[PDB]
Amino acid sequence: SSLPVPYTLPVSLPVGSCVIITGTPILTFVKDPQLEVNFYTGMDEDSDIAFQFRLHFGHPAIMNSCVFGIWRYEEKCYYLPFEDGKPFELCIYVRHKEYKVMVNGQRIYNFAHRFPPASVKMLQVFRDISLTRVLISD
């Protein structure tokens, strides 16, 4: 199983459900490879986004100088160790108050709802990933 990218899917995300997204980072085309996941409150792509999750597959490295006490122009790059992306499982579990965000089974964040989870109507997954599965589990 392999899915097109960008991937768009009508969804219903009640409390207790989890959005499972598995894939592999593609590190060979862009300098800052990332994964982006959007929960839309409607079906047009000008509808509101109740929740966006963006994950950078590299490590940020930031370089600058400080002259007269003032930090100057920041130069940034993304350190990519290994050019084989590690496969990942993204799990977004829907709780009453928040989305519980898990990467490879490890909770990294709890994003408090800014819309009722019932208002989410569509999911979009795209950028620098080879997509293996996208499903709604309970």
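We number the residues from 1 along the sequence you see.
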Select between 29-37 and 59-67 the stretch whose C-alpha atoms have the higher average B-factor in the entry. 29-37
Which has higher Cα B-factors on average according to the PDB entry: 73-81 or 86-94? 73-81
For the chain shown, is the CA B-factor of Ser47 in the lowest, middle or highest third of its modelled residues? highest
If you rank every modelled residue in this chain by C-alpha B factor, which third holds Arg114: lowest, middle or highest? highest
Using the B-factor values recorded in the entry, state whether the Cα atom of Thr24 falls in the lowest, middle or highest third among the modelled residues of its chain. middle
Would you mind checking where the Cα B-factor of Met122 ranks among the modelled residues of its chain, as the lowest, middle or highest third? lowest
